[PDB]
Amino acid sequence: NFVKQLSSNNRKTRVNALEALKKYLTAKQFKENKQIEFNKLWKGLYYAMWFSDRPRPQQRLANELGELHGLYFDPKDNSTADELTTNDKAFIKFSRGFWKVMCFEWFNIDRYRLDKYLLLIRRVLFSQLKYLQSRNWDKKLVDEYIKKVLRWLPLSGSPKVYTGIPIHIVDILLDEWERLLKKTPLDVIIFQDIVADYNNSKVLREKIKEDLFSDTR
Amino acid sequence: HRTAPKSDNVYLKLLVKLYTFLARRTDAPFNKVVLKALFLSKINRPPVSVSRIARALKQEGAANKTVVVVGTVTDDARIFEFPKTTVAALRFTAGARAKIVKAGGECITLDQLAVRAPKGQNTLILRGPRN
Amino acid sequence: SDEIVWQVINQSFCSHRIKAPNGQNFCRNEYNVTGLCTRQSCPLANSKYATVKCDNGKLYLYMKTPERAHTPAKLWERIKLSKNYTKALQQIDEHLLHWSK
Amino acid sequence: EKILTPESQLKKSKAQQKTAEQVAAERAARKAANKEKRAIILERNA
Amino acid sequence: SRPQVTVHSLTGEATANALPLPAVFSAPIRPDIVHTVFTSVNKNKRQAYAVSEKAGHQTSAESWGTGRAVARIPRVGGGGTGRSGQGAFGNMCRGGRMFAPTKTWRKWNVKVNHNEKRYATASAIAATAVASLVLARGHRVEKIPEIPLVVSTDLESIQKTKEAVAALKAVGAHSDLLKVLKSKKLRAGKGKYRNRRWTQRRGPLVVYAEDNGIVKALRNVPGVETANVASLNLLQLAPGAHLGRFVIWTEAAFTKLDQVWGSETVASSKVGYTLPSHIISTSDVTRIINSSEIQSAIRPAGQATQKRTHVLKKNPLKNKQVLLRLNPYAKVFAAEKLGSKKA
RNA sequence: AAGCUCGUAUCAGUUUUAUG
RNA sequence: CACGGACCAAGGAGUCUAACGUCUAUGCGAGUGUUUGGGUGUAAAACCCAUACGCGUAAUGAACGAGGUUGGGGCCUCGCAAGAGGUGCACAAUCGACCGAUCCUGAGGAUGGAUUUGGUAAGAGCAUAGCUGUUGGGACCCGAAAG
């Protein structure tokens with residue numbers, strides 16, 4: 001099992017597990033399984049990242065792990081005029097598993113390892129909004145992706161999800177968006193509904209009002 | 001005049017420092033109340049039954065308000081229609097934990113509540129009967 | 001966790017603790033930088049640690065990270081300081097990038 | 001490759017800068033208020 | 001789940017196998033509970049000691065009473081032997097009955113709740129998985145390949161002591177073994193002549209699922225102790241009410257620990273018992289306090305040390321400098337010489 | 001000594017005033 | 001004023017136990033108490049409990065309805081603040097009801113009147129450990145005519 005190998009203490013085996021998984025990810029006609037397999041794979045990747053601490057190499061591991069999101073059926077099929085090509089669904093499931101694993105293990109990260117996971121989240125969010133279509137210029141797929149994103153991270157209605165991840169997402173949203181290099185489908189600014197709707201964490205509402213909206217961009 | 005707790009538990013001491021830090025750096029009365037209650041002895045911290053929590057939930061806007069119990073939550077066999085709510089307490093009995101989880105609710109610790117409500121956002125404090 | 005370990009070593013008979021007449025607690029651990037058993041000074045209670053040691057005349061920069069907490073055998077990653085005060089200090093500063101003051 | 005600053009450190013720096021701007025504004029306001037109050041006290045004493 | 005622990009062969013080379021955490025090491029660590037349980041358990045191996053009842057009362061004596069200009073303490077009768085006229089029947093008298101003679105029915109054993117004992121044992125076992133905590137216990141675990149240490153099941157089958165000690169040395173336990181046999185010192189005090197002459201530091205602990213000769217093989221080597229997963233004695237686990245003993249586990253023992261101490265999947269392997277639940281989800285407070293959520297809704301801090309203000313009082317009416325700070329009209333008064341104003 | 005309700009209008013080895 | 005003190009080395013006195021309690025901490029919690037014993041054992045050491053047993057869990061039908069108002073540590077809205085509004089644990093007053101019954105009555109004891117009764121309305125106890133109070137045991141130590 002990849003998850004068992006990805007969490008292996010030995011560094012060589014851990015790296016080889018990811019190297020082999022680079023192909024298992026693109027192994028077609030096998031990602032149709034339920035989201036539980038994606039959740040298990042991302043749980044294994046969580047420990048795989050956990051086993052790296054040094055700044056320079058951990059950044060390399062984080063970026064190569066974030067590239068896994070784009071590894072899924074790179075934008076070479078030219079699936080224009082298709083609501084779902086059966087490949088973007090795999091990417092959506094992968095992102096959902098990533099967010100579920102990160103949300104569940106948010107408080108299991110020590111103080112020193114928190115920066116590593118913040119960097120990993122930043123890299124994953126960069127790979128997202130970079131690989132939906134060729135880039136984030138697809139309404140028919142952004143509506144599905146935003147629906148599967150709006151319902152978990154920015155919900156702010158269920159206190160089960162910690163408010164730190166939404167705060168980091170708010171902080172890095174505009175920073176990462178400018179990296180893509182415009183009139184992009186930015187329905188994303190969800191935050192208006194969060195501010196309008198009560199019952200949410202007042203800290204989150206204040207942070208988004210003071211920082212996100214106040215931004216000149 | 002209560003300043004510090006007599007309990008030797010390390011986890012209780014960590015919770016006490018967290019609550020003191022929140023109270024001193026937030027000036028929110030909710031944190032002060034819980035910090036003061038943490039120093040109360042076992043007798044002064046009677047358990048709060050799950051039936052008592054369900055009865056307290058009958059007030060308006062209970063779904064949007066979480067319930068916080070300084071003491072320990074004990075199961076009750078006289079009630080079965082337990083609503084879905086988040087309960088935070090130092091300890092949860094096996095029966096009470098099963099009842100809360102079975103009814104779709106979630107049980108969390110004091111630190112989880114503090115991170116979810118640094119200033120007591122929609123937090124309800126229940127005190128068990130003294131005698 | 002570090003906090004649990006920190007409490008377990010503050011009280012509860014930490015192995016290396018010297019009760020000086022002045023009341024100061026001195027730590028005899030070789031890896032300690034100050035030699036005192038206090039917070040952010042005891043390597044055992046700190047996941048991240050940095051210290052300077054030397055077997056021969058060469059001086060090394062011993063550092064610890066949470067990565068090797070599961071492998072006590074090779075916890076520390078010593079790096080030679082290329083003995084020279086100015087360049088050694090520059091190398092120490094470069095190595096301890098973004099570390100605590 | 002270049003080592004990037006910690007995200008927590010970046011947030012701390014941003015918060016420090018934002019608080020320092022307000023601190024400087026408050027210092028300027030306090031200086032102006034002190035000058036005005038000194039003038040008021042001088043006239044009151046006279 | 002939680003990370004997995006690899007298995008090291010007798011040669012010391014890591015094996016291409018790993019096992020899931022039994023979840024026992026994730027139990028809360030409560031030094032107070034362990035210390036309280038140990039203080040009562042150590043008293044179990046106590047033998048009753050008392051003074052002879054006939055002591056003191058054997059002597060025959062009577063009180064002379066007033067009129068003799070002497071202490072009214074009872075004195076021995078007779079004569080010629082010298083003992084006559086000597087005081088007796090009193091703790092203040094030589095050879096007399098001691099005040100409050102010790103009696104055999106003193107409370108020796110202490111009853112301890114079974115759940116408290118289980119909690120203490122679980123905490124002691126969990127403390128063994130922390131290298132820093134084990135190091136603070138004084139064990140030389142600085143050169144162990146991994147913690148907790150798990151060895152292949154073939155270790156339990158070793159019969160000769162030489163092979164067992166060689167295997168222990170090969171897995172980084174040589175330092176711990178050498179720690180013993182070097183601290184051997186004569187007993188300090190009156191215990192040298194009460195079958196307590198020699199004392200030594202505790203050695204490594206070896207845990208096995210089943211015994212095939214390892215217990216006899218390691219019996220002779222000083223310091224080293226052997227125990228079964230079922231028992232897991234608290235006294236051996238945490239000698240002197242101290243957490244974090246160096247324990248060398250085995251693959252079979254590691255696998256059987258899940259059953260013995262229970263987990264989320266296996267219910268308890270015991271009658272109506274479950275592992276204790278933490279009252280706090282996170283055992284670390286630095287991450288929580290420094291969390292984004294808390295920091296976002298926290299007022300700005302100070303300088304970490306209050307600046308001294310008005311350390312010394314500057315008395316006006318002198319030192320014009322301070323006088324000009326207050327009453328800014330002082331400059332006008334002095335310049336205009338208003339004090340000597342003329343009608 | 002512990003608990004709850006709390007900071008007030010709870011009071012005074014004081015004075016005047018008012019009712020007498 | 002009275003009783004001790006010629007000087008010095010050692011000894012010398014709120015110590016143990018059974019019962020009933022307050023406070024404190026732990027484990028569980030409407031359940032709790034492994035150790036009278038058996039299994040087991042590196043052997044008075046360490047680990048587990050099939051049935052019993054001590055305590056509590058239900059008053060003098062508890063849903064008339066597991067109760068309505070006034071306050072109430074707290075929470076939310078408005079408000080720069082002052083303050084205003086909505087909701088409120090424990091706990092207090094009030095409105096009251098009830099389990100069983102008084103004080104009478106009078107279809108053998110139903111029905112109807114007059115007062116109130118001690119408490120429920122939605123458990124808090126078990127065992128362990130520390131200072132500590134009372135009683136009996138030589139009882140903080142010696143000494144009182146004696147059968």
# chains A, B, ... in the order shown; residues from 1 in each chain; ligands from 1
>>> residues_around(residues="residue 232 in chain E", least_positions_apart="6", cutoff="10 Å", atoms="only C-alpha atoms (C1' of nucleotides)", output="PDB file with N, CA and C atoms (P, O5', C5', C4', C3', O3' and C1' of nucleotides), in the first residue's frame")
ATOM      1  N   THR E 121      -0.215   2.674  35.179  1.00  0.00           N
ATOM      2  CA  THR E 121       0.548   1.794  34.300  1.00  0.00           C
ATOM      3  C   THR E 121       0.542   2.311  32.867  1.00  0.00           C
ATOM      4  N   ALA E 122      -0.618   2.766  32.385  1.00  0.00           N
ATOM      5  CA  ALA E 122      -0.696   3.293  31.028  1.00  0.00           C
ATOM      6  C   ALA E 122       0.173   4.533  30.869  1.00  0.00           C
ATOM      7  N   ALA E 124       2.849   5.325  32.643  1.00  0.00           N
ATOM      8  CA  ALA E 124       4.247   4.911  32.684  1.00  0.00           C
ATOM      9  C   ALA E 124       4.677   4.308  31.354  1.00  0.00           C
ATOM     10  N   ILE E 125       3.825   3.474  30.755  1.00  0.00           N
ATOM     11  CA  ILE E 125       4.156   2.876  29.465  1.00  0.00           C
ATOM     12  C   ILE E 125       4.280   3.954  28.396  1.00  0.00           C
ATOM     13  N   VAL E 207      10.677  -6.474  27.061  1.00  0.00           N
ATOM     14  CA  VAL E 207       9.290  -6.922  27.081  1.00  0.00           C
ATOM     15  C   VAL E 207       9.105  -7.949  25.973  1.00  0.00           C
ATOM     16  N   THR E 226      13.365  -8.450  32.874  1.00  0.00           N
ATOM     17  CA  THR E 226      12.458  -9.015  31.886  1.00  0.00           C
ATOM     18  C   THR E 226      11.047  -9.061  32.457  1.00  0.00           C
TER      19      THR E 226
ATOM     20  P     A G  46       2.955  -6.021  44.688  1.00  0.00           P
ATOM     21  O5'   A G  46       2.978  -6.291  43.118  1.00  0.00           O
ATOM     22  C5'   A G  46       3.592  -5.369  42.229  1.00  0.00           C
ATOM     23  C4'   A G  46       3.610  -5.882  40.809  1.00  0.00           C
ATOM     24  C3'   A G  46       2.256  -6.117  40.155  1.00  0.00           C
ATOM     25  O3'   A G  46       1.670  -4.927  39.651  1.00  0.00           O
ATOM     26  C1'   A G  46       3.659  -7.979  39.759  1.00  0.00           C
ATOM     27  P     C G  47       0.081  -4.701  39.735  1.00  0.00           P
ATOM     28  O5'   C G  47      -0.513  -5.636  38.587  1.00  0.00           O
ATOM     29  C5'   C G  47      -0.413  -5.271  37.217  1.00  0.00           C
ATOM     30  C4'   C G  47      -1.024  -6.320  36.322  1.00  0.00           C
ATOM     31  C3'   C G  47      -2.512  -6.582  36.521  1.00  0.00           C
ATOM     32  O3'   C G  47      -3.329  -5.666  35.815  1.00  0.00           O
ATOM     33  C1'   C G  47      -1.342  -8.641  36.459  1.00  0.00           C
TER      34        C G  47
END
>>> residues_around(residues="residue 54 in chain G", least_positions_apart="6", cutoff="12 Å", atoms="only C-alpha atoms (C1' of nucleotides)", output="list in words")
residues 32, 33, 126 and 127 of chain G
>>> interface_residues(of="chain E", to="chain B", cutoff="8 Å", atoms="only C-alpha atoms", output="list in words")
residues 30, 31, 32, 277, 278, 279, 280, 281, 282, 283, 285, 288, 289, 293, 294, 297, 298, 299 and 301 of chain E
>>> select_by_dssp(residues="range 59-293 of chain E", states="helix (DSSP H, G or I)", output="VMD selection string")
chain E and resid 114 to 127 131 to 136 153 to 157 161 to 179 190 to 193 214 to 217 234 to 237 239 to 241 251 to 261 286 to 289 292 to 293
>>> closest_atom_pairs(of="chain D", to="chain E", cutoff="7 Å", atoms="only C-alpha atoms", output="tab-separated table")
residue	atom	partner	partner_atom	distance
D:42	CA	E:329	CA	5.3
D:45	CA	E:329	CA	6.2
D:46	CA	E:329	CA	6.6
>>> write_last_selection(atoms="N, CA, C and O atoms", output="PDB file, in the first residue's frame")
ATOM      1  N   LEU D  42      -1.408  77.152  30.010  1.00  0.00           N
ATOM      2  CA  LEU D  42      -0.741  78.443  30.147  1.00  0.00           C
ATOM      3  C   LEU D  42      -1.761  79.570  30.254  1.00  0.00           C
ATOM      4  O   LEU D  42      -1.669  80.430  31.142  1.00  0.00           O
ATOM      5  N   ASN D  45      -3.566  79.386  33.619  1.00  0.00           N
ATOM      6  CA  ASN D  45      -2.734  79.868  34.715  1.00  0.00           C
ATOM      7  C   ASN D  45      -2.643  81.387  34.703  1.00  0.00           C
ATOM      8  O   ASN D  45      -2.696  82.028  35.760  1.00  0.00           O
ATOM      9  N   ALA D  46      -2.498  81.982  33.517  1.00  0.00           N
ATOM     10  CA  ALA D  46      -2.483  83.439  33.434  1.00  0.00           C
ATOM     11  C   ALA D  46      -3.797  84.026  33.938  1.00  0.00           C
ATOM     12  O   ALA D  46      -3.803  85.006  34.695  1.00  0.00           O
TER      13      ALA D  46
END
>>> atom_distance(atom1="CA of residue 70 in chain E", atom2="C1' of residue 144 in chain G")
16.4 Å
>>> residues_around(residues="residue 73 in chain B", least_positions_apart="5", cutoff="10 Å", atoms="only C-alpha atoms (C1' of nucleotides)", output="PDB file with N, CA, C and O atoms (P, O5', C5', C4', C3', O3' and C1' of nucleotides), in the first residue's frame")
ATOM      1  N   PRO B  46     -20.170  20.407  40.664  1.00  0.00           N
ATOM      2  CA  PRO B  46     -21.037  19.240  40.532  1.00  0.00           C
ATOM      3  C   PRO B  46     -21.218  18.861  39.073  1.00  0.00           C
ATOM      4  O   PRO B  46     -21.186  19.730  38.184  1.00  0.00           O
ATOM      5  N   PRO B  47     -21.410  17.578  38.777  1.00  0.00           N
ATOM      6  CA  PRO B  47     -21.605  17.172  37.381  1.00  0.00           C
ATOM      7  C   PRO B  47     -22.908  17.713  36.817  1.00  0.00           C
ATOM      8  O   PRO B  47     -23.887  17.926  37.537  1.00  0.00           O
ATOM      9  N   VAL B  48     -22.908  17.934  35.505  1.00  0.00           N
ATOM     10  CA  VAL B  48     -24.078  18.414  34.779  1.00  0.00           C
ATOM     11  C   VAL B  48     -24.612  17.257  33.946  1.00  0.00           C
ATOM     12  O   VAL B  48     -23.925  16.763  33.043  1.00  0.00           O
ATOM     13  N   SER B  49     -25.833  16.829  34.247  1.00  0.00           N
ATOM     14  CA  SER B  49     -26.428  15.704  33.543  1.00  0.00           C
ATOM     15  C   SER B  49     -26.773  16.085  32.108  1.00  0.00           C
ATOM     16  O   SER B  49     -27.030  17.250  31.793  1.00  0.00           O
ATOM     17  N   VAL B  50     -26.776  15.078  31.230  1.00  0.00           N
ATOM     18  CA  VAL B  50     -27.156  15.311  29.840  1.00  0.00           C
ATOM     19  C   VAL B  50     -28.611  15.743  29.752  1.00  0.00           C
ATOM     20  O   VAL B  50     -28.977  16.555  28.893  1.00  0.00           O
ATOM     21  N   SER B  51     -29.468  15.205  30.624  1.00  0.00           N
ATOM     22  CA  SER B  51     -30.857  15.650  30.662  1.00  0.00           C
ATOM     23  C   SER B  51     -30.944  17.127  31.024  1.00  0.00           C
ATOM     24  O   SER B  51     -31.771  17.863  30.473  1.00  0.00           O
ATOM     25  N   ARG B  52     -30.099  17.579  31.953  1.00  0.00           N
ATOM     26  CA  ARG B  52     -30.067  18.997  32.294  1.00  0.00           C
ATOM     27  C   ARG B  52     -29.652  19.838  31.093  1.00  0.00           C
ATOM     28  O   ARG B  52     -30.212  20.914  30.855  1.00  0.00           O
ATOM     29  N   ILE B  53     -28.666  19.365  30.326  1.00  0.00           N
ATOM     30  CA  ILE B  53     -28.246  20.092  29.130  1.00  0.00           C
ATOM     31  C   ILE B  53     -29.389  20.165  28.126  1.00  0.00           C
ATOM     32  O   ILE B  53     -29.645  21.216  27.527  1.00  0.00           O
ATOM     33  N   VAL B  68     -21.207  24.914  27.255  1.00  0.00           N
ATOM     34  CA  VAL B  68     -19.921  24.696  27.904  1.00  0.00           C
ATOM     35  C   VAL B  68     -20.179  24.335  29.361  1.00  0.00           C
ATOM     36  O   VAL B  68     -20.913  25.043  30.058  1.00  0.00           O
ATOM     37  N   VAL B  87     -20.892  20.208  22.725  1.00  0.00           N
ATOM     38  CA  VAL B  87     -20.710  20.245  24.171  1.00  0.00           C
ATOM     39  C   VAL B  87     -19.219  20.209  24.468  1.00  0.00           C
ATOM     40  O   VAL B  87     -18.500  19.338  23.962  1.00  0.00           O
ATOM     41  N   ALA B  88     -18.757  21.153  25.286  1.00  0.00           N
ATOM     42  CA  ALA B  88     -17.360  21.240  25.692  1.00  0.00           C
ATOM     43  C   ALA B  88     -17.272  21.114  27.204  1.00  0.00           C
ATOM     44  O   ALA B  88     -17.959  21.840  27.932  1.00  0.00           O
ATOM     45  N   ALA B  89     -16.430  20.197  27.674  1.00  0.00           N
ATOM     46  CA  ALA B  89     -16.254  19.986  29.103  1.00  0.00           C
ATOM     47  C   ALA B  89     -14.906  19.324  29.342  1.00  0.00           C
ATOM     48  O   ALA B  89     -14.294  18.770  28.426  1.00  0.00           O
ATOM     49  N   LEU B  90     -14.452  19.393  30.596  1.00  0.00           N
ATOM     50  CA  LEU B  90     -13.166  18.798  30.948  1.00  0.00           C
ATOM     51  C   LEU B  90     -13.177  17.291  30.727  1.00  0.00           C
ATOM     52  O   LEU B  90     -12.220  16.729  30.181  1.00  0.00           O
ATOM     53  N   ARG B  91     -14.248  16.619  31.145  1.00  0.00           N
ATOM     54  CA  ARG B  91     -14.360  15.175  31.014  1.00  0.00           C
ATOM     55  C   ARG B  91     -15.761  14.817  30.543  1.00  0.00           C
ATOM     56  O   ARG B  91     -16.733  15.515  30.844  1.00  0.00           O
ATOM     57  N   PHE B  92     -15.853  13.717  29.798  1.00  0.00           N
ATOM     58  CA  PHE B  92     -17.123  13.195  29.312  1.00  0.00           C
ATOM     59  C   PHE B  92     -17.213  11.719  29.666  1.00  0.00           C
ATOM     60  O   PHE B  92     -16.288  10.952  29.383  1.00  0.00           O
ATOM     61  N   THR B  93     -18.324  11.325  30.283  1.00  0.00           N
ATOM     62  CA  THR B  93     -18.535   9.925  30.608  1.00  0.00           C
ATOM     63  C   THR B  93     -18.803   9.124  29.336  1.00  0.00           C
ATOM     64  O   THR B  93     -19.219   9.659  28.304  1.00  0.00           O
ATOM     65  N   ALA B  94     -18.554   7.816  29.420  1.00  0.00           N
ATOM     66  CA  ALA B  94     -18.744   6.954  28.257  1.00  0.00           C
ATOM     67  C   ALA B  94     -20.187   7.004  27.773  1.00  0.00           C
ATOM     68  O   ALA B  94     -20.448   7.143  26.573  1.00  0.00           O
ATOM     69  N   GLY B  95     -21.143   6.902  28.699  1.00  0.00           N
ATOM     70  CA  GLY B  95     -22.541   6.971  28.307  1.00  0.00           C
ATOM     71  C   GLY B  95     -22.912   8.320  27.722  1.00  0.00           C
ATOM     72  O   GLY B  95     -23.581   8.402  26.689  1.00  0.00           O
ATOM     73  N   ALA B  96     -22.479   9.399  28.379  1.00  0.00           N
ATOM     74  CA  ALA B  96     -22.778  10.736  27.875  1.00  0.00           C
ATOM     75  C   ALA B  96     -22.113  10.974  26.526  1.00  0.00           C
ATOM     76  O   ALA B  96     -22.721  11.558  25.620  1.00  0.00           O
ATOM     77  N   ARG B  97     -20.862  10.536  26.376  1.00  0.00           N
ATOM     78  CA  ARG B  97     -20.174  10.695  25.099  1.00  0.00           C
ATOM     79  C   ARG B  97     -20.890   9.933  23.993  1.00  0.00           C
ATOM     80  O   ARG B  97     -21.073  10.454  22.887  1.00  0.00           O
ATOM     81  N   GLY B 128     -24.029  22.806  37.338  1.00  0.00           N
ATOM     82  CA  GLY B 128     -24.817  21.748  37.923  1.00  0.00           C
ATOM     83  C   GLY B 128     -25.326  22.119  39.300  1.00  0.00           C
ATOM     84  O   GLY B 128     -24.821  23.044  39.944  1.00  0.00           O
TER      85      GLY B 128
ATOM     86  P     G G  29     -17.453   6.793  33.187  1.00  0.00           P
ATOM     87  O5'   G G  29     -18.695   7.101  34.135  1.00  0.00           O
ATOM     88  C5'   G G  29     -19.488   6.046  34.660  1.00  0.00           C
ATOM     89  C4'   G G  29     -20.345   6.513  35.810  1.00  0.00           C
ATOM     90  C3'   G G  29     -21.316   7.642  35.502  1.00  0.00           C
ATOM     91  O3'   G G  29     -22.504   7.191  34.875  1.00  0.00           O
ATOM     92  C1'   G G  29     -20.161   8.122  37.507  1.00  0.00           C
TER      93        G G  29
END
>>> residues_around(residues="range 98-103 of chain A", least_positions_apart="4", cutoff="7 Å", atoms="only C-alpha atoms (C1' of nucleotides)", output="PyMOL selection string")
chain A and resi 39+42-43+94+161
>>> write_last_selection(atoms="C-alpha atoms", output="JSON list (two decimals), in the first residue's frame")
[["chain", "number", "residue", "atom", "x", "y", "z"],
["A", 39, "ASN", "CA", -8.62, 10.47, 1.90],
["A", 42, "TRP", "CA", -3.76, 12.20, 1.46],
["A", 43, "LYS", "CA", -3.47, 10.94, 5.04],
["A", 94, "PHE", "CA", -8.13, 14.82, -4.52],
["A", 161, "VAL", "CA", -13.31, 23.26, 11.00]]
>>> interface_residues(of="chain E", to="chain C", cutoff="8 Å", atoms="only C-alpha atoms", output="list in words")
residues 29, 31, 131, 132, 133, 135, 136, 137, 138, 141, 142, 143, 144, 145, 146, 147, 242, 283, 284 and 285 of chain E
>>> residues_around(residues="range 2-18 of chain F", least_positions_apart="5", cutoff="10 Å", atoms="only C-alpha atoms (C1' of nucleotides)", output="list in words")
residues 40, 41, 43, 44 and 130 of chain B; 23, 72, 73, 90, 91 and 92 of chain G
>>> closest_atom_pairs(of="chain A", to="chain G", cutoff="12 Å", atoms="only C-alpha atoms (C1' of nucleotides)", output="CSV")
residue,atom,partner,partner_atom,distance
A:198,CA,G:76,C1',10.1
A:199,CA,G:76,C1',9.4
A:202,CA,G:76,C1',11.6
>>> closest_atom_pairs(of="chain D", to="chain C", cutoff="9 Å", atoms="only C-alpha atoms", output="Markdown table")
| residue | atom | partner | partner_atom | distance |
| --- | --- | --- | --- | --- |
| D:3 | CA | C:97 | CA | 8.5 |
| D:5 | CA | C:98 | CA | 6.9 |
| D:6 | CA | C:98 | CA | 7.5 |
| D:9 | CA | C:98 | CA | 8.4 |
>>> select_by_dssp(residues="range 28-123 of chain B", states="strand (DSSP E)", output="compact mmCIF listing (two decimals) with N, CA, C and O atoms, in the first residue's frame")
# COMPACT_ATOMS: atom_id res chain seq x y z
N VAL B 48 -22.91 17.93 35.50
CA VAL B 48 -24.08 18.41 34.78
C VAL B 48 -24.61 17.26 33.95
O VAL B 48 -23.93 16.76 33.04
N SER B 49 -25.83 16.83 34.25
CA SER B 49 -26.43 15.70 33.54
C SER B 49 -26.77 16.09 32.11
O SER B 49 -27.03 17.25 31.79
N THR B 66 -23.53 27.20 21.57
CA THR B 66 -22.88 26.02 22.11
C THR B 66 -23.00 26.00 23.63
O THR B 66 -23.22 27.03 24.28
N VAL B 67 -22.86 24.81 24.20
CA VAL B 67 -22.98 24.59 25.64
C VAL B 67 -21.61 24.23 26.19
O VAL B 67 -20.93 23.35 25.65
N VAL B 68 -21.21 24.91 27.25
CA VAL B 68 -19.92 24.70 27.90
C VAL B 68 -20.18 24.34 29.36
O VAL B 68 -20.91 25.04 30.06
N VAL B 69 -19.58 23.24 29.81
CA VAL B 69 -19.71 22.77 31.19
C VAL B 69 -18.31 22.69 31.79
O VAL B 69 -17.45 21.97 31.28
N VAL B 70 -18.09 23.43 32.87
CA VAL B 70 -16.79 23.41 33.53
C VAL B 70 -16.53 22.03 34.13
O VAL B 70 -15.41 21.50 34.04
N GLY B 71 -17.54 21.43 34.75
CA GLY B 71 -17.39 20.12 35.36
C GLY B 71 -17.42 18.99 34.35
O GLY B 71 -16.95 19.13 33.22
N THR B 72 -17.99 17.85 34.76
CA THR B 72 -18.07 16.66 33.92
C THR B 72 -19.52 16.39 33.55
O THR B 72 -20.43 16.57 34.37
N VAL B 73 -19.73 15.94 32.32
CA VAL B 73 -21.07 15.63 31.82
C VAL B 73 -21.37 14.17 32.09
O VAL B 73 -20.58 13.28 31.75
N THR B 74 -22.53 13.91 32.70
CA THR B 74 -22.95 12.56 33.06
C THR B 74 -24.18 12.17 32.25
O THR B 74 -25.05 13.00 31.98
N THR B 86 -23.04 21.15 20.17
CA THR B 86 -21.64 20.95 20.54
C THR B 86 -21.48 21.19 22.04
O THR B 86 -21.88 22.23 22.56
N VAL B 87 -20.89 20.21 22.72
CA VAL B 87 -20.71 20.25 24.17
C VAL B 87 -19.22 20.21 24.47
O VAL B 87 -18.50 19.34 23.96
N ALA B 88 -18.76 21.15 25.29
CA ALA B 88 -17.36 21.24 25.69
C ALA B 88 -17.27 21.11 27.20
O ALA B 88 -17.96 21.84 27.93
N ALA B 89 -16.43 20.20 27.67
CA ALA B 89 -16.25 19.99 29.10
C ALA B 89 -14.91 19.32 29.34
O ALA B 89 -14.29 18.77 28.43
N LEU B 90 -14.45 19.39 30.60
CA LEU B 90 -13.17 18.80 30.95
C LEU B 90 -13.18 17.29 30.73
O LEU B 90 -12.22 16.73 30.18
N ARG B 91 -14.25 16.62 31.15
CA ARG B 91 -14.36 15.17 31.01
C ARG B 91 -15.76 14.82 30.54
O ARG B 91 -16.73 15.51 30.84
N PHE B 92 -15.85 13.72 29.80
CA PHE B 92 -17.12 13.19 29.31
C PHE B 92 -17.21 11.72 29.67
O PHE B 92 -16.29 10.95 29.38
N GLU B 106 -21.34 16.72 18.73
CA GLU B 106 -19.89 16.61 18.84
C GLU B 106 -19.46 17.03 20.24
O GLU B 106 -19.99 18.00 20.80
N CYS B 107 -18.50 16.30 20.80
CA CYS B 107 -17.93 16.59 22.10
C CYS B 107 -16.48 17.03 21.92
O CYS B 107 -15.71 16.37 21.22
N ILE B 108 -16.11 18.14 22.57
CA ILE B 108 -14.79 18.72 22.43
C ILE B 108 -14.27 19.09 23.82
O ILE B 108 -14.98 19.02 24.81
N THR B 123 -21.60 31.12 23.33
CA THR B 123 -21.23 30.13 24.33
C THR B 123 -22.19 30.21 25.51
O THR B 123 -22.44 31.30 26.04
>>> residues_around(residues="residue 96 in chain G", least_positions_apart="5", cutoff="12 Å", atoms="only C-alpha atoms (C1' of nucleotides)", output="ChimeraX atom specification")
/G:64,67-69
>>> interface_residues(of="chain G", to="chain B", cutoff="9 Å", atoms="only C-alpha atoms (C1' of nucleotides)", output="ChimeraX atom specification")
/G:24-26,28-30,73-76,87-90,122-124
>>> closest_residue(among="D:13, D:22, D:8, D:34", to="chain A", atoms="only C-alpha atoms")
D:8
>>> atom_distance(atom1="CA of residue 184 in chain A", atom2="CA of residue 169 in chain A")
18.0 Å
>>> residues_around(residues="range 148-157 of chain E", least_positions_apart="6", cutoff="8 Å", atoms="only C-alpha atoms (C1' of nucleotides)", output="list in words")
residues 5, 6, 7, 8, 9, 10, 128, 129, 130, 164, 208, 210, 211, 212, 213, 214, 247, 248, 249, 250, 251, 252 and 254 of chain E
